Each structure stands twice: as structure tokens, then as C-alpha cells.
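Just so you know, these numbers use all the heavy atoms, side chains as well, and skip hydrogens, waters and symmetry mates. All chains are named by letter (A, B, ...) in the order of the sequence lines, taking the proteins before the strands, and each is independently numbered beginning at 1.
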Amino acid sequence: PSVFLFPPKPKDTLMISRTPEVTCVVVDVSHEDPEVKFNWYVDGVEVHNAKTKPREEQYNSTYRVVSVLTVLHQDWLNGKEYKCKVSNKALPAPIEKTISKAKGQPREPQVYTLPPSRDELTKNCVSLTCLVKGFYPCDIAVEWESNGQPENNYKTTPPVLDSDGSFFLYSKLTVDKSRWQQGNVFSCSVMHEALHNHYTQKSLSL
Amino acid sequence: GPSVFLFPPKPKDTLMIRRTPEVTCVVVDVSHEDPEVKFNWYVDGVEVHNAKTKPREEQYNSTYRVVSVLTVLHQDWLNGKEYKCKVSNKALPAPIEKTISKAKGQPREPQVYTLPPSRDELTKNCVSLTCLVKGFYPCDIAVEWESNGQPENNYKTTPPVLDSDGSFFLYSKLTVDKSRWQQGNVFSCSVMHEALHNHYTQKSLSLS
Ligand SMILES: *[C@@H]1O[C@H](CO[C@@H]2O[C@@H](C)[C@@H](O)[C@@H](O)[C@@H]2O)[C@@H](O[C@@H]2O[C@H](CO)[C@@H](O[C@@H]3O[C@H](CO[C@H]4O[C@H](CO)[C@@H](O)[C@H](O)[C@@H]4O[C@@H]4O[C@H](CO)[C@@H](O)[C@H](O)[C@H]4NC(C)=O)[C@@H](O)[C@H](O[C@H]4O[C@H](CO)[C@@H](O)[C@H](O)[C@@H]4O[C@@H]4O[C@H](CO)[C@@H](O)[C@H](O)[C@H]4NC(C)=O)[C@@H]3O)[C@H](O)[C@H]2NC(C)=O)[C@H](O)[C@H]1NC(C)=O
Ligand SMILES: *[C@@H]1O[C@H](CO[C@@H]2O[C@@H](C)[C@@H](O)[C@@H](O)[C@@H]2O)[C@@H](O[C@@H]2O[C@H](CO)[C@@H](O[C@@H]3O[C@H](CO[C@H]4O[C@H](CO)[C@@H](O[C@@H]5O[C@H](CO)[C@@H](O)[C@H](O)[C@H]5NC(C)=O)[C@H](O)[C@@H]4O)[C@@H](O)[C@H](O[C@H]4O[C@H](CO)[C@@H](O[C@@H]5O[C@H](CO)[C@@H](O)[C@H](O)[C@H]5NC(C)=O)[C@H](O)[C@@H]4O)[C@@H]3O)[C@H](O)[C@H]2NC(C)=O)[C@H](O)[C@H]1NC(C)=O
């Protein structure tokens, strides 16, 4: 049995209204000796907030067991380590994994909206570009909205390490050229721990 | 125990006849108990024997790492031929086969758009030059920046990202002194893709 530990989603940790969680997924759980125990420690201190989820089956006759631990927003943002100890007798080794936020000084993201190029106006749909650069850590959330209504036809590139040690990304919202030249205003909403109120908003219009 | 990893040719290699594209079959975790591994190569089923196997090099973890390199024809890879590397070892319950090929599907011509720096960014000393390449298929592509026929070499390119229409898009960002951009220098975004004429195109960008 091999374990894969996952971090909380960036949006969950930045808004107090949401609940961030650390996901500990055991993937090679076997029918024999399926007693997969879960002990959780924050900064080495055992905590009892976890809730193991029901198992799942696959096409390779292998079970999947997941334990979900709710985490405090500041605990993750302060860098505290989370250790997922998996106690299963399927294999002798008591596999243990640790997770933590990336260490280092958070750097404020820079948000620049870029209008579509003149060459793209030939096409029936144009591309609205949102450039976010100079942020650290890579944990970030980017969304698009217009008139207080979220847009859905956007894709965000994964964060990429830059020369200066910071991260950058692009978010591309694709809309009909009619909407663009009708004068509609679109906004790129960026959430990051180094932002004031963990949120900034840049607008783009004709 | 032994593990096999198959690597595709670099996108620039397959797109230029001048360069030599190749497929690398890397075997790790080769113990001294059975240090001899066999590389058998197949191309769409037919067994080929122009592969050059490198001598077994032992690593510091008492594990051997053997590598075989198969030179592939540019047209063969672009016609979707499948390259299979069969690795045989006496410490293996069964010989391990790995297959690599160009992403199956219909090629899509990339659209190249150069985007000027934001006016808000002009307050800085370094400005960002953006090259949007979208609507291409498959993933294999190369993006480079140059000015005055000389590589800029101060740019970072995002990975290809699967768009909603099934194609791929990416952004390449070139960081340049705000003095150079305002000085009037013209920079060009070079994109190499199989669905491009001569597998090459250039879109330029300058203060307008
Ligand atoms: C003993 O040591 C050796 C190495 O020794 C070395 O030298 C000695 C002297 C010491 O100093 C060592 O410290 C030193 O490391 C160990 O060999 C390693 O073994 C591991 C696995 O156990 C391999 O990991 C894999 O890596 C590949 C990528 O490898 C490229 O990038 C590496 C960057 O570090 C580079 O080192 C590699 O050489 C290789 O680089 C490429 O080389 C080719 C050669 O021609 C070149 O053309 C390329 O340009 C070049 N690229 C770059 C960027 O430089 C990685 O792909 C593997 O991940 C896949 O597999 C995982 C499961 O194995 C899986 O979890 C991943 O998600 C991923 O899964 C795959 O994903 C793809 C795409 O999504 C998908 O299509 C596949 O289906 C999927 N496959 C699956 C799921 O199976 C993996 O991480 C190391 O590369 C290897 N190091 C080497 C070969 O140098 C050896 O393991 C040690 N002994 C023991 C017992 O562990
Ligand atoms: C029986 O079948 C099961 C079902 O899976 C089948 O097989 C799969 C291959 C798929 O084809 C699937 O469709 C099939 O149904 C098997 O379970 C799977 O087993 C494999 C192999 O063990 C696991 O593969 C790993 O995946 C890791 C990523 O997780 C993936 O799954 C999750 C859940 O679906 C995806 O989504 C994530 O979900 C989280 C909640 O659980 C959520 O919180 C998170 O936000 C979300 N993320 C995203 C992006 O959506 C996720 O996207 C993946 O798809 C992957 O990381 C593994 O590769 C890496 O492994 C390590 C760990 O990252 C990495 O090394 C690390 O690098 C770091 C630097 O980057 C270092 O800092 C670390 O120190 C270092 N750690 C080390 C070295 O230990 C490696 O370099 C490598 O890159 C790996 O690919 C599957 O997760 C698992 N589950 C599923 C659903 O597929 C089962 O194994 C089978 N039985 C047997 C016996 O094999």
C-alpha cells in the first residue's frame, strides 16, 4: 500500500467562510488485512479532527481509502506541518507522510489584464488574457466574472517558476467578439494570501 | 524491481530535418544479480535493429542504468508510428514493453497572437511581452523568442493546456527592460508546430 498526500485547495485556505482540508489517499489497499488506520499530527501534536471516508473499488480490484482532516486557516498559512500516519498490516512498513505549505516570504501577485490582439478579431471569439506574476507561494486562485455573474469559458495555466524565484500564470477567458465590442466589462479575480483581504480584481474592457 | 521509462523525441527534433529526433528507453533498478538487459525495438509491430544501446552504467545506489536510443525518421513520427521498447531481464517475471507515439488525433494549426505589455506594468523597470499560442494539436510544440535575429533568452513558457474545444493553448512571457520596449526595438515570437507551413511561424511585437 502506497500513500499520496495532498494539500488544501488555495481558495479554501484564503476565505474564512470555506473549510480547508488535507487529503490523505491510500491507493494500493488490498482485500487482505484492510485495517487502514489514520493518526494525524499537527507540528507533531496528535489531533483528532479526522474523518475517514468509505472505500472505493476500481477496475484493477484494488481498494482506495481516504482520510480527510479539517485544518485551521492560519495553521496552514503559518506553515505548520501535517503528518498522516497510515497504520495498515497489509504490508509491514508503517508508511508515514508529511505535508506543509511552501516555506519562504509570501510575495504579492501582480495582476495585469491584456486585451485581445488585433489579429484575433478576425475570429468569431476573442481571448481575454489575465497575467498574474511575482507571486509566492504557487497556491493561488483565479476566476473570471462579468456584471457580478461568473464566467465559465476560461482556462488557467498552471503556475510556472520565473527567473526571480516567483511564480507566474495566465488565465484565458474566451468570449464572443460581440460581447467584447458591445463594450461589456470583464473582471479577473485573483485570490492569494499576500493580497490585501486575500483578493484583488482587475477589469478589462474595449 | 527493474523499471522502464520511455521518452518521446523533443518537439524541435521532429520538426526539423536538420536535427535528429530519437526515442530513449531508460531502464533503472537493474541489480547485479541479473545485470544483463535486452533491448528489442518495434515500430508499428515490425522489429527494428538500428537502435544504439549504451553500455550499462552502474549508479551509486548499486543499481545499473542502461539506455538505448532509437533514431526515428521525422516522417515516421509525424505519421503516427508507434515505437515499442521491449526490456527483458532474468530478474523480471515478464519482459516489460513500453510504447510511445504522437498524440492520436487530427492536427490543428496553432494561432499565434502577440500581446503588448499592460499600461499598468509600464510603471515598472521590467515589462512583460506575451505570446498567445492557442488552438493547436497535438501537445508537441516549440516556442522561442528572438530580436535582431538573436535569441532573447529571458523568457518562460507555460506548459500546453487542454482547451475546451479539445485543442491546446499556452503563453510565453518574455521579460525585457522597459527602456528597450520604449526604445522601439521589435521582438518576435517563434513557434514551431507540425501544422504550420515549414513547421515555423513568427509574429512580431513593438511599440505602436
Ligand atoms: C538509482 O539511481 C537512479 C538514478 O541515478 C542517478 O545517478 C546516480 C549516480 C545517483 O546520483 C542518483 O541520485 C541519480 O538520480 C534512479 O533512476 C531514477 O528512477 C526514477 C524512478 O524510480 C525515475 O523517475 C522517473 O523520471 C521520469 C522523468 O525522467 C526524466 O527527467 C529526470 C529529471 O530529474 C531526468 O533525471 C531523467 O533522466 C529524465 O530526463 C530525460 O531524459 C531523456 C533521455 O533521452 C531526455 O530525452 C529528456 O529530455 C530528459 N528530460 C528532462 C526534463 O531532462 C518521469 O517521467 C517518471 O514519472 C512517471 O512515472 C512515475 C512512476 O514511475 C509516475 O509517478 C509519474 O507520474 C510519471 O508517470 C508517467 O506520466 C506520463 C506523463 O504524465 C505518462 O505518460 C506515463 O504513462 C506515466 N507512467 C507511469 C504512471 O508509470 C519518474 O518520475 C528517474 O528518472 C530515474 N533517474 C534517471 C533515469 O536518471 C533509480 O531509481 C535508483 N534506484 C532505485 C531502486 O530507485
Ligand atoms: C488500482 O487502480 C487505482 C485507480 O487508479 C487507476 O490508475 C491510475 C494510474 C489512473 O489511470 C486512474 O484513472 C485509474 O483508475 C490506483 O490508484 C491510483 O494509483 C496511482 C499509482 O499509485 C496514483 O497515481 C499517483 O497520482 C498522484 C496524483 O494524484 C492523482 O489522483 C488524484 C485523485 O484522483 C488527482 O486529483 C487530486 O485529488 C486530491 C484528493 O485526493 C485533491 O485534493 C487534489 O486537489 C487533486 N489534484 C488535482 C490536480 O486534481 C490528481 O490530479 C492525480 O490525478 C501523483 O502525484 C503520483 O505521481 C507522483 O507521485 C509523487 C507524489 O506527488 C511524486 O513525487 C513527489 O514530487 C514532489 C515534487 O513535485 C516532491 O516534493 C515529493 O517529495 C515527491 N514524493 C515522493 C517522491 O514520494 C512523483 O514524482 C510523481 O510525479 C501518481 O501518479 C493515483 O493517485 C491513484 N488514484 C487514482 C484515482 O488514480 C491503484 O494504485 C491501483 N492499484 C495498484 C496496486 O496500483
Colleague: Contact between B:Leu174 and B:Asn154 at the side-chain level, heavy atoms closer than 4.5 Å - yes or no?
Modeller: yes

Colleague: Which heavy atom in B:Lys203 sits nearest to a heavy atom in B:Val112, and how many Å separate them?
Modeller: NZ-O, 2.8 Å

Colleague: In the structure I gave you, are the side-chain heavy atoms of B:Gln111 and B:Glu109 within less than 4.5 Å of one another anywhere?
Modeller: no

Colleague: Treating A:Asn78 as the side-chain partner and A:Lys80 as the backbone partner, does any N or O pair qualify as donor plus acceptor under 3.5 Å?
Modeller: no

Colleague: By side chain to side chain donor-acceptor pair (under 3.5 Å), which residues pair with A:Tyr199, not counting sequence neighbours?
Modeller: A:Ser189, A:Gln201

Colleague: Quick check: closest heavy atoms across B:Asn89 and B:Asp34, and the distance to 0.1 Å?
Modeller: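 Answer, listing the atom of B:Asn89 first, then B:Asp34: ND2-O, 2.8 Å.
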
Colleague: Under 4.5 Å between any side-chain heavy atoms of A:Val25 and A:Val3, yes or no?
Modeller: no

Colleague: So, using salt bridge (charged side-chain N to carboxylate O under 4.0 Å, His left out) as the criterion, who are the partners of B:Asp44 when residues are at least two apart?
Modeller: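 Once residues adjacent in sequence are excluded, B:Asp44 has no partner under the salt bridge (charged side-chain N to carboxylate O under 4.0 Å, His left out) criterion.
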
Colleague: For atom CG of B:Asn153, is the number of surrounding heavy atoms from other residues, nucleotides or ligands below 6.0 Å larger than 12?
Modeller: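 Correct, the count exceeds 12.
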
Colleague: How long is the span from the OG1 atom in A:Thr200 to the NE2 atom in A:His192, to the nearest 0.5 Å?
Modeller: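 One finds 12.0 Å between OG1 of A:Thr200 and NE2 of A:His192.
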
Colleague: For the backbone of A:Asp164 and the side chain of A:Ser166, can you confirm whether one donor and one acceptor N or O come within less than 3.5 Å of each other?
Modeller: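 No, the answer is negative, given that no donor and acceptor are paired below the 3.5 Å cut-off.
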
Colleague: Starting at CG of A:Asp176, measure out to CG of A:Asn184 and round the result to the nearest 0.5 Å.
Modeller: 10.0 Å

Colleague: Can you check whether B:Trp77 reaches B:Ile100 side chain to side chain, under 4.5 Å on heavy atoms?
Modeller: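 A side-chain contact exists here, since the closest heavy-atom pair is under 4.5 Å.
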
Colleague: Out of curiosity, A:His73 NE2 to A:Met15 CE, how far, rounded to the nearest 0.5 Å?
Modeller: 9.0 Å

Colleague: Is there a side chain to side chain contact (heavy atoms under 4.5 Å, CB included) between A:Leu5 and A:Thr98 once you walk through the steps?
Modeller: CA-CA 7 Å; A:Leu5 196 44; A:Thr98 175; 5.6 Å; no

Colleague: Please name all residues satisfying salt bridge (charged side-chain N to carboxylate O under 4.0 Å, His left out) with A:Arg107, sequence neighbours left out, ordered by chain then number.
Modeller: none

Colleague: Does the pair A:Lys123 and A:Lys177 meet the rule for a side chain to side chain contact (heavy atoms under 4.5 Å, CB included), with working shown?
Modeller: CA-CA 8 Å; A:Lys123 313 302 167 296; A:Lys177 190 217 315 188; over 6 Å; no

Colleague: Please list, chain by chain and in numerical order, all residues satisfying side chain to side chain donor-acceptor pair (under 3.5 Å) with A:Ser117, sequence neighbours excluded.
Modeller: none

Colleague: Tell me whether the count of non-hydrogen atoms from other residues, nucleotides or ligands lying under 6.0 Å of CD in B:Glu47 goes above 12.
Modeller: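 Check passes, neighbour count above 12.
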
Colleague: Quick one: does B:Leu70's side chain get under 4.5 Å of B:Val43's, heavy atoms only?
Modeller: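 A side-chain contact exists here, since the closest heavy-atom pair is under 4.5 Å.
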
Colleague: Can you measure from NZ (B:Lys86) to CG (B:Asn40) and round to the nearest 0.5 angstrom?
Modeller: 4.0 Å

Colleague: May I have the list of side-chain donor-acceptor pairs in residues 124-142 of chain A shorter than 3.5 Å, sequence neighbours left out?
Modeller:
residue, atom, partner, partner atom, Å
A:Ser127, OG, A:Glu120, OE2, 2.7
A:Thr129, OG1, B:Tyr171, OH, 2.8
A:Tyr136, OH, A:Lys103, O, 2.6

Colleague: Classify the angle between the aromatic ring planes of B:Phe187 and B:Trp181 as parallel (below 30°), tilted (30 to 60°) or perpendicular (above 60°).
Modeller: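 Aromatic pair B:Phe187/B:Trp181 classed parallel.
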
Colleague: Can a donor-acceptor pair be found, under 3.5 Å and without considering hydrogens, that links the side chain of B:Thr158 to the backbone of B:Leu170?
Modeller: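 Not a single qualifying donor-acceptor pair exists.
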
Colleague: Flag the pair A:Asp162 and B:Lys156 as a salt bridge only when some basic side-chain nitrogen lies within less than 4.0 angstrom of an acidic carboxylate oxygen.
Modeller: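 Here A:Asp162 does not pair with B:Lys156 in a salt bridge, since their nearest N and O are not under 4.0 Å apart.
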
Colleague: Does a side-chain N-to-carboxylate-O contact under 4.0 Å join A:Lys11 and A:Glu143?
Modeller: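 Yes, A:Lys11 and A:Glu143 are salt-bridged.
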
Colleague: Closest approach of A:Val22 and A:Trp40, non-hydrogen atoms and distance?
Modeller: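 Shortest heavy-atom separation between A:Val22 and A:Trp40 comes out as O-CH2, 3.7 Å.
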
Colleague: Look up atom CD in B:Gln59 and atom CZ in B:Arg65, then write down how far apart they are to the nearest 0.5 Å.
Modeller: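 With rounding to 0.5 Å, CD (B:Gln59) is 6.5 Å from CZ (B:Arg65).
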
Colleague: How about B:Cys25 and B:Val67: do any of their side-chain heavy atoms sit closer than 4.5 Å?
Modeller: no

Colleague: Hey, does A:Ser146 have a side-chain heavy atom less than 4.5 Å from the side chain of A:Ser187?
Modeller: no

Colleague: Quick one: are B:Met192 and B:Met16 in side-chain contact, heavy atoms under 4.5 Å?
Modeller: yes

Colleague: Would B:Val69 and B:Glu22 count as a side chain to side chain contact (heavy atoms under 4.5 Å, CB included) here? Give the steps.
Modeller: CA-CA 6 Å; B:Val69 166; B:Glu22 58 190 23; 3.3 Å; yes

Colleague: For the residue pair A:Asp75 and A:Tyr82, what are the closest heavy atoms and their distance?
Modeller: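 Result for this residue pair: CB-OH, 3.1 Å.
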
Colleague: Report the C-alpha distance between B:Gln75 and B:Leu78 in whole Å, list the side-chain angles of each, state the deciding distance to 0.1 Å, and finish with yes or no for side chain to side chain contact (heavy atoms under 4.5 Å, CB included).
Modeller: CA-CA 5 Å; B:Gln75 312 81 8; B:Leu78 300 184; 5.8 Å; no

Colleague: Please round to the nearest 0.5 Å and tell me the distance separating atom OG1 of B:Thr14 and atom NE2 of B:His199.
Modeller: 8.0 Å

Colleague: Tell me whether A:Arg55 contacts the main-chain N or O of A:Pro34 through its side chain, where contact means a donor paired with an acceptor under 3.5 Å.
Modeller: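 Pair found, side chain donor or acceptor close to backbone of A:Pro34.
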
Colleague: For A:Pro115 and B:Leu115, work out which heavy atoms get closest and say how close.
Modeller: O-CD2, 3.5 Å

Colleague: Not counting sequence neighbours, which residues clear ring-ring contact (aromatic ring centres under 6.0 Å, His included) with A:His196? List them please.
Modeller: none

Colleague: Is B:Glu97 salt-bridged to B:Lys84, cutoff N-O under 4.0 Å?
Modeller: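 Looking at B:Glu97 and B:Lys84, the cut-off is met.
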
Colleague: Charged N to carboxylate O under 4.0 angstrom, A:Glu193 versus A:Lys101?
Modeller: yes

Colleague: Is it true that the NZ or CZ of B:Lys173 lies under 6.0 Å from the centre of A:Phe168's six-membered ring and within 45 degrees of the ring axis?
Modeller: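 Because its charged atom sits under 6.0 Å from the ring centre and within 45° of the axis, B:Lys173 does stack over A:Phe168.
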
Colleague: Return the minimal non-hydrogen interatomic distance between B:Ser68 and B:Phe39, and the atom names on each side.
Modeller: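 Shortest heavy-atom contact: CB-CD2, 3.5 Å.
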
